[PDB]
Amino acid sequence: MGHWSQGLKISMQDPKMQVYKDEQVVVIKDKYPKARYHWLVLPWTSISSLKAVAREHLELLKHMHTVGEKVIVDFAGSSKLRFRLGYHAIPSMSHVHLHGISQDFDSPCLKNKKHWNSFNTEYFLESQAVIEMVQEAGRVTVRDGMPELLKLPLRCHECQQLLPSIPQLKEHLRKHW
């Protein structure tokens, strides 16, 4: 509600933090990345929330998507890593920001069940699905009951086995390399 909530804004203004910059968006590395590659794609024109998304933003949304992919190719093309581009249903930090994150989930910043389910349940809306939603309906359909998904038991995104803890989940992920 003060200063920390503005961090994203601050870091997007910071030239050192800008991995990519153009007339519409700026892309920065996630300060507490939940994987080996984790970038945030932010529009210069602030947008409050996914509930306030219209057709006007469609050309911007596609652009953010495209830009994410560029960064993924430009800085992680050599990696044989699978990526995902999408948004959190409920952001914590102010503004809407696109997540581009590698599916290894090998990062010490991933510490609790909230993180894992925020990237591995319907709480994480894919960018393509969002874009199609604004194209088809002119608005994003966000199913109710998102905060309950954050409490769901740990399930691996590759093998699909249920796991009991963040430490055992990390060790289980290690073997998928």
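Position 1 is the first residue in the sequence shown; the rest follow in order.
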Item to check | 59-67 versus 31-39 - which carries the larger mean C-alpha B factor in the record | outcome: 59-67
Checklist outcome for this item: Higher of the two mean Cα B-factors (121-129, 49-57; per PDB record) comes from 49-57
Checklist outcome for this item: Scanning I10, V25, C156, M17 for peak Cα temperature factor in the entry gives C156
Checklist entry - Which third of the chain holds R82 when residues are ordered by C-alpha B factor: lowest, middle or highest? => result middle
Next on the checklist: Ranking the modelled residues of this chain by C-alpha B-factor as given in the entry, is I72 in the lowest, middle or highest third?
Outcome noted: middle
Checklist entry - Which third of the chain does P147 land in by C-alpha B-factor: lowest, middle or highest? => result middle
Checklist entry - Can you tell me which third, lowest, middle or highest, the CA B-factor of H172 falls into for its chain? => result middle
Checklist entry - Going by what the PDB entry lists, where does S92 fall on CA B-factor within its chain: lowest, middle or highest third? => result middle
